[PDB]
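Student: The structure follows.
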Amino acid sequence: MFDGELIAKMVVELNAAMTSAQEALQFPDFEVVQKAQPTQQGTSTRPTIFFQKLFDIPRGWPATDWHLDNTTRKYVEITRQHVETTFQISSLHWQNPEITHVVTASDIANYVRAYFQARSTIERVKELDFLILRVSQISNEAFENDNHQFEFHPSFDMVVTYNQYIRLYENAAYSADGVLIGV
Amino acid sequence: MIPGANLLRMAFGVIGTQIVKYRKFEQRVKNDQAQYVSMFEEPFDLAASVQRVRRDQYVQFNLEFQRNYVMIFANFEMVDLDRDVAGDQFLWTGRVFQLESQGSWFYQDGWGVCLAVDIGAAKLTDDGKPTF
């Protein structure tokens, strides 16, 4: 119930990180995309950042709070489950030997990581209802793109922690009818 | 003799030919960052039959790619990747193509066949000509 809103907020933050990355170092434009496109649509020549969902690890038992609706005398139970999702955040930017202001896809991925681990961005993301854990590795791997050249597709896993709320119904009671039996 | 002569030259008498802008490897040096820069001879026109190769899309890293191919029969010595050598390059329909395979037949017969992959859109001159 949250991955849509989370993906929207993550897209906003990723586009912000790309706007910042346009300042320190320079790229010809940028794009932020979800890796598994639900319809056939191509990879982009421009330097882009991909993000994708990998897991979802609930953390701790669900916490149930009881809220009275006061109208129908029904205890609405609110089950909050904590969640650590894992986002695979990758980058793609072909490298031109002729140009002199070289910037590698590793640079873009590293700058995204360092931006998303800074404390100001952490506090902003907190104001946007989730947080970010540590990124412990950035893997720069090589492959062949469609032009029979060599490209790097660096990627790292970013853990995002948040809560998701479930609303259900239960019956209330305002009475106490005991039976005091003698042994 | 038939393995001599030039069979593709004779075949060009009946079938039509496409004019591609061929460009031959000259030398190559490394720029900074150990990436390595290729340089080429002057471009020159070449009469060749550029037939298709079935290009099929595929999936890598959850993205979708597709390698564009053309098989060129040309009456010239065409050399791709080699030890201490980079491949050649020809322009066709405003698209760059670099050779991937090598059918040889040159020193036997004078012609050759090569599989070439598209690289990208050609640079456009000020006058509108589609060459670098």
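The way I read the labels, and the way they are meant: chains A, B, ... in the order of the structure tokens, residue 1 as the first residue of every chain, and ligand 1 as the first ligand shown, with later ones counted on from there.
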May I have all residues of chain B that DSSP, computed from the backbone, assigns to alpha helix (DSSP H), given as a compact mmCIF listing (two decimals) with N, CA and C atoms, in the first residue's frame?
Tutor:
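Below is the file that was written, states-v4.txt:
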# COMPACT_ATOMS: atom_id res chain seq x y z
N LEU B 7 34.70 -12.09 -58.52
CA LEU B 7 33.34 -12.57 -58.69
C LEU B 7 32.32 -11.52 -58.28
N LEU B 8 32.61 -10.75 -57.23
CA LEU B 8 31.68 -9.71 -56.81
C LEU B 8 31.61 -8.58 -57.82
N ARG B 9 32.74 -8.28 -58.48
CA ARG B 9 32.73 -7.27 -59.53
C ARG B 9 31.82 -7.69 -60.68
N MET B 10 31.89 -8.97 -61.08
CA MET B 10 30.98 -9.47 -62.11
C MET B 10 29.54 -9.45 -61.63
N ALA B 11 29.31 -9.84 -60.37
CA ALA B 11 27.95 -9.87 -59.83
C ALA B 11 27.34 -8.48 -59.76
N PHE B 106 39.60 -11.72 -49.82
CA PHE B 106 40.24 -10.64 -50.57
C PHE B 106 41.44 -11.15 -51.36
N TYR B 107 42.45 -11.68 -50.67
CA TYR B 107 43.66 -12.11 -51.37
C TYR B 107 43.38 -13.27 -52.31
N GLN B 108 42.33 -14.04 -52.05
CA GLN B 108 41.89 -15.04 -53.02
C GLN B 108 41.25 -14.38 -54.23
N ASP B 109 40.32 -13.45 -54.00
CA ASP B 109 39.41 -13.00 -55.04
C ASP B 109 39.28 -11.49 -55.18
Student: Near chain A, which residues of chain B fall within 10 Å when you count only C-alpha atoms, and what do they look like as a list in words?
Tutor: residues 30, 31, 32, 33, 34, 35, 36, 37, 38, 57, 58, 60, 61, 62, 63, 64, 65, 66, 67, 68, 69, 97, 98, 100, 116, 117, 118, 119 and 120 of chain B
Student: Find the residues around residue A:107 up to 10 Å (only C-alpha atoms counted), leave out those fewer than 5 positions away in its own chain, and share them as a list in words.
Tutor: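 The contact residues come out as residues 21, 25, 91, 93, 102, 112, 113 and 154 of chain A.
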Student: List as number ranges by chain the protein and nucleic acid residues near residue A:58, meaning an atom at most 9 Å away when only C-alpha atoms are counted, but skip any in the same chain fewer than 3 places from it.
Tutor: A: 61-62, 81-85
Student: Going by DSSP on the backbone, which bits of chain A are strand (DSSP E or B)? Write them as number ranges by chain, please.
Tutor: A: 31-34, 48-68, 74-92, 131-132, 139, 142-144, 150-152, 155-171
Student: Can you pull out every residue within 8 Å of stretch 121-131 of chain B, counting only C-alpha atoms, but drop anything in the same chain fewer than 5 positions away, and send it as JSON, numbers by chain?
Tutor: {"B": [21, 91, 93, 94, 95, 96]}
Student: Can you tell me, as a list in words, what residues are no more than 8 Å from residue A:80 when counting only C-alpha atoms, ignoring any on the same chain fewer than 6 positions away?
Tutor: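 What passes the distance filter is residues 62, 63, 64, 163, 164, 165 and 166 of chain A.
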Student: Can you tell me how far atom CA of residue A:115 sits from atom CA of residue A:38, in Å to one decimal?
Tutor: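 These two atoms are separated by 28.8 Å.
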Student: Near residue A:94, within 9 Å and counting only C-alpha atoms, which residues show up once chain neighbours fewer than 2 positions away are dropped, as an NGL selection string?
Tutor: :A and (45-47 or 92 or 96 or 104-105 or 150-152)
Student: Choose the residue, out of A:103, A:1, A:159, A:7, that has the smallest atom-to-atom separation from residue A:117; count only C-alpha atoms.
Tutor: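 Between A:103, A:1, A:159, A:7, the residue approaching residue A:117 most closely is A:159.
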Student: Taking only C-alpha atoms into account, which of A:133, A:24, A:160, A:128 comes nearest residue A:56?
Tutor: A:160
